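Consider the single chain below, provided in structure tokens and representing the form deposited in one PDB entry.
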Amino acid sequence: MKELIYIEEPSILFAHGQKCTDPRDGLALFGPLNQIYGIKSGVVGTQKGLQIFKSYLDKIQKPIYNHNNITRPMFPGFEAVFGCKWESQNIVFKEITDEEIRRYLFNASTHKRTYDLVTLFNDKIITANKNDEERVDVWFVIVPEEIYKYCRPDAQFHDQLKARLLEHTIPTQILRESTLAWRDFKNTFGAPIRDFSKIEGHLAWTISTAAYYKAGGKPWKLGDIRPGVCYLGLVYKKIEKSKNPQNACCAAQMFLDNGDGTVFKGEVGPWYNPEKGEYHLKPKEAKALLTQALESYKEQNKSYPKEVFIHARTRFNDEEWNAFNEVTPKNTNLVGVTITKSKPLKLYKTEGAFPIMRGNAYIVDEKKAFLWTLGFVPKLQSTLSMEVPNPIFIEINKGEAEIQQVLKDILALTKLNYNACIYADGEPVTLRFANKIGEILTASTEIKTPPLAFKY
């Protein structure tokens, strides 16, 4: 007969100082926090793909409705939601005519195929944005469905292309015309490959939000943030390319209230432990990375950071924390929190079919708790979790911090995500793209990456 605690939904801030829980509703009602003066979009893609892009841009202005429109709200239109213009007139299109595409389709090694395709796209993008003065706000690279269909089960395109263009410090967005014109894609009997007729509005919502974020605009931010607080989290990856397994890649991700995180690359080091599986940094590179992040916060805010909230699915040994405490100043709170989602604590309801909410909390001790970031949502009248939700297990590995405070903070931090305009996602954003950012890091290892925003 144990107790449960519910933490109220953390509102996110929008334009005109307006805060509401749903990013889609807030965007449609008030617009992004910082407006911009249009999206001078540049698109690389086939001539047919260019036609798809133009048709989608025309479709965006006119409203799009979902099947139910109660769990996936409507799409008013680009200038109706964001107050800025983006269409097929101020467009800088680059001819990547499929002749070279069919030349580059001759290879049979999938890794080499995706590698050379990413190099060709990267070269086209950099030539376009460096040869002329036409300031392209976002490079919308549209990959033909054949290219990704024949090169998808590194092998992924998004990770390596983003790594290359962040080396070239250039924003980009990957799109597929099947995601754009699924109506024009049909199977043998004419049925759509992916029936978006019920989720067309949400598809437009997420594409528009990603496009606006990629243009240097900040759609929303957490509106009830503590004064003078940051959240420096952490991400690991194992470099299986090397014969010696112990070497691994690490990357810090520092997030302020704004939600546009900054990724600091870490030098390759021997932290992969095949015995336990939990990686630990050597004191030297760990303290180097912590100093880098601290100085980045100092130069970005004229003051020291206060919360290196090292979020990970692993543990930290004693020497790591000793080095971190040595680096951090005396007037700084250091907390290292381990977050995992593999602990079975499914709380089935007594009756009915609709599962438990998102946001229910179960306190175990002063350092560990279970947070329900999936399940039914009272507002959406639906469930983000597909089956019965399994809560995320959070544990304060080291340092002193109130458990409810970190619970509310981690919930609010999960509420912040721009690459997909949804009500929320179960895993934290610091760990949402952990696999994606890790593959980005291993795609470009020897490249020195300065502190740069998450949009790259």
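Residue numbers run from 1 along the displayed sequence. Basically, rigid core = biggest C-alpha set you can superpose within 1.5 Å across the two forms.
Visitor: Does the comparison with other PDB entries of this protein show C151 lacking coordinates in a third or more of them, where both adjacent residues are built?
Guide: Affirmative; at least a third of those entries omit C151.
Visitor: According to the entry, how many residues of the deposited sequence fall between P153 and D154 and are not modelled? Options: none, 1 to 3, 4 to 9, 10 or more.
Guide: According to the record, 10 or more deposited residues lack coordinates from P153 to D154.
Omitted from view is the form deposited in another entry, to which the following refers.
Visitor: Where among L380, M74, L347, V268 does the Cα move by 2 Å or more between this form and the one not shown after the core is superposed?
Guide: The answer here is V268.
Visitor: Is the shift of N417 between this form and the one not shown large enough to count as movement, that is, does its C-alpha move by 2 Å or more after the core is superposed?
Guide: Shift at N417: below 2 Å after core fit.
Visitor: Is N390 among the residues whose Cα moves by 2 Å or more between this form and the one not shown after superposition of the rigid core?
Guide: Comparing forms between this form and the one not shown, the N390 CA shifts below 2 Å.
Visitor: Relative to the superposed rigid core, does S11 relocate between this form and the one not shown - that is, does its Cα move 2 Å or more?
Guide: After core superposition, the displacement of the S11 C-alpha between this form and the one not shown stays below 2 Å, so no.
Visitor: Note whether the distance between the C-alpha atoms of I394 and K276 decreases (closer) or increases (farther) in the other entry, against the displayed form; the change is 3 Å or more.
Guide: Those two alpha carbons end up farther apart in the other entry.
Visitor: Closer or farther: the CA pair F264/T414 in the other entry, versus this form, with a change of 3 Å or more?
Guide: Nearer in the other entry, by 3 Å or more.
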